[PDB]
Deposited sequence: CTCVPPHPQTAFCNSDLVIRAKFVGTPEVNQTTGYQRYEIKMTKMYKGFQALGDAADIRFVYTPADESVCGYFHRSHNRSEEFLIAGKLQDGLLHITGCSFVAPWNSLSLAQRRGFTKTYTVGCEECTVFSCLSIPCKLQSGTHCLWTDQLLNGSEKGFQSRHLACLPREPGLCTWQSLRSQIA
């Protein structure tokens, strides 16, 4: 399982559900589906309402199964997952992070701002230099040039938002 984790704005847009929840109990495996599921107690729901007590994810690590590594049971996590057959699915690649670990700007993005750049803007992942830009509505996400991952200035403080009709640039939160 090799992954290119999305920007948090990209994760807010591809996800059907975005919630705060607490993981409660170990996972239970159903060998018919090849998926496991964790019992969750949802706290708040920033994106959804068209559809929670369970989240489902692939059962093995090699097929991008999410394995919860937290031991603190009271810890709230932000989960952004997709709805398959009315069921909440996440992967190793889904944006799932402790709520407290997110920067203040990321919390503003999930709560209010990320949705403003959702209809028209697009965060474009730059895996190498030279990186090709495809349209004025793409923001090149260059934090890959560093150690990588969601720890990056563009992930923690910037969102791909529109300045003009037809033009989206990175802006601060």
| property | result |
| --- | --- |
| Missing residue ranges, deposited sequence indexing starting at 1 | 52 to 57, 180 to 184 |
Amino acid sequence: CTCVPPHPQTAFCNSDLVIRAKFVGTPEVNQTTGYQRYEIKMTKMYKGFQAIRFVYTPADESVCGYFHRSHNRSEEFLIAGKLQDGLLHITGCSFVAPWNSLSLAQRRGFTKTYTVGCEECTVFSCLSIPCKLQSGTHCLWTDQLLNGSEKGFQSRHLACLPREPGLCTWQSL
From here on, numbers count along this sequence of modelled residues.
| property | result |
| --- | --- |
| Stretch with the greater mean C-alpha B-factor as recorded in the entry, comparing 114 to 122 against 33 to 41 | 114 to 122 |
| Between the two ranges 23 to 31 and 54 to 62, the one averaging a larger CA B factor in the entry | 23 to 31 |
| CA B-factor placement of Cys131, once the chain's modelled residues are sorted into thirds | highest |
| Lowest, middle or highest third - CA B-factor, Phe67 | lowest |
| Chain-wide C-alpha B factor ranking for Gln9, given as lowest, middle or highest third | lowest |
| CA B-factor placement of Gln84, once the chain's modelled residues are sorted into thirds | highest |
| Position of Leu145 among the chain's modelled residues by C-alpha B-factor, lowest, middle or highest third | highest |
